[PDB]
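Reminder, nothing fancy here: chain letters follow the sequence lines and each chain counts from 1. Side-chain atoms are counted along with the backbone in the values below, which use heavy atoms only and exclude waters and symmetry mates.
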Amino acid sequence: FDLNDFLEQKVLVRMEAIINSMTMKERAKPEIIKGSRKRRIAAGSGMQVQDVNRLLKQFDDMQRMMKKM
RNA sequence: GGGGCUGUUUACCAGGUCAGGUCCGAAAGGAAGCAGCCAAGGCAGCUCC
């Protein structure tokens, strides 16, 4: 379960935008997304870093709930 | 080394375009710009000077 999937699933538009600012690698293997990338991603989807963090936080919880069935 | 070809590779770090998103504006409209793609660079093979 990667960011490509979590994407399938008005505030959800802002979520898309954030994922649409990543690279194929960043989605497939999110854990490689540290400071520098976050910055690029935020500024890229007209967002702020915390919004990216929030998202990533969400995907995590979301993935977590997956690694439990 | 330079030209051409082909394969591969490259988040952001003054190329271009820029979906999505953002910014400014009452609006009409402007602005910056990630991914992508194009280009460009890297690692190589062929080839020409």
* Asked: Taking a pair as Watson-Crick or G-U wobble with both distances under 3.5 Å, which nucleotide is matched to B/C5?
  -> B/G45
* Asked: Base rings of B/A14 and B/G15 under 5.5 Å apart and under 30° in plane angle?
  -> no
* To do: Pick the P atom in B/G15 and in B/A35, then give their distance to the nearest Å.
  => 12 Å
* Which value, in whole Å, describes the distance between the P atoms of nucleotides B/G4 and B/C23? -> 44 Å
* Asked: Mind checking what makes side-chain hydrogen bond (donor to acceptor under 3.5 Å, both in side chains) contact with A/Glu8, not counting sequence neighbours?
  -> none
* Could you check how far CZ of A/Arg37 sits from P of B/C13, rounded to whole Å? => 13 Å
* How long is the line joining CD of A/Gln48 and P of B/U22, in whole Å? -> 12 Å
* Which value, in whole Å, describes the distance between the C1' atoms of nucleotides B/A32 and B/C12? -> 15 Å
* Asked: Which whole number of Å gives the distance between the P atom of B/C18 and that of B/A31?
  -> 11 Å
* To do: Round to the nearest Å and state the distance from A/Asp51 atom CG to B/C23 atom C1'.
  => 15 Å
* **Consecutive-base stack B/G36 to B/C37 per 5.5 Å / 30° rule** => yes
* How would nucleotides 30-35 of chain B be written as a contact map, 5' to 3', with B for base contact, S for sugar-phosphate-only contact and - for no contact, using protein heavy atoms under 4.0 Å? -> ----BS
* Can you tell me how far P of B/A11 sits from CG of A/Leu56, to the nearest Å? -> 18 Å
* Structure fact -> Output for pair (A/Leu3 CG, A/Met24 CE), nearest 0.5 Å, gives 10.5 Å
* **Residues forming a side-chain hydrogen bond (donor to acceptor under 3.5 Å, both in side chains) with A/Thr23, sequence neighbours excluded** => A/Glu26
* Whole-angstrom distance between B/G36 and B/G20, as gauged at atom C1' -> 11 Å
* To do: Would you please confirm or rule out a distance under 4.0 Å between OP1 or OP2 of B/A11 and any side-chain N or O of A/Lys34?
  => no
* Structure fact -> In this structure, CE of A/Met22 is separated from NZ of A/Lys38 (nearest 0.5 Å) by 9.5 Å
* Can you tell me the Watson-Crick or wobble partner of B/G36, both distances under 3.5 angstrom? -> B/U17
* Asked: When the ring planes of A/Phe59 and A/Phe1 are compared, do they come out parallel, tilted or perpendicular, using 30° and 60° as the limits?
  -> parallel
* Which whole number of Å gives the distance between the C1' atom of B/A19 and that of B/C37? -> 11 Å
* Please list, chain by chain and in numerical order, all residues satisfying side-chain hydrogen bond (donor to acceptor under 3.5 Å, both in side chains) with A/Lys25, sequence neighbours excluded. => none
* Partners meeting side-chain contact (heavy atoms from CB on, under 4.5 Å) with A/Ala42 (sequence neighbours left out) -> A/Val49, A/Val52
* Taking atom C1' in both B/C49 and B/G33, what distance in whole Å separates the two? -> 43 Å
* For the pair made of CD1 in A/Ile18 and P in B/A11, what is the distance, rounded to whole Å? -> 21 Å
* To do: Using the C1' atoms only, state how far B/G25 lies from B/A40, rounded to an integer number of Å.
  => 37 Å
* When rounded to the nearest 0.5 angstrom, what distance separates CD1 in A/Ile19 from CZ in A/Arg27? -> 7.0 Å
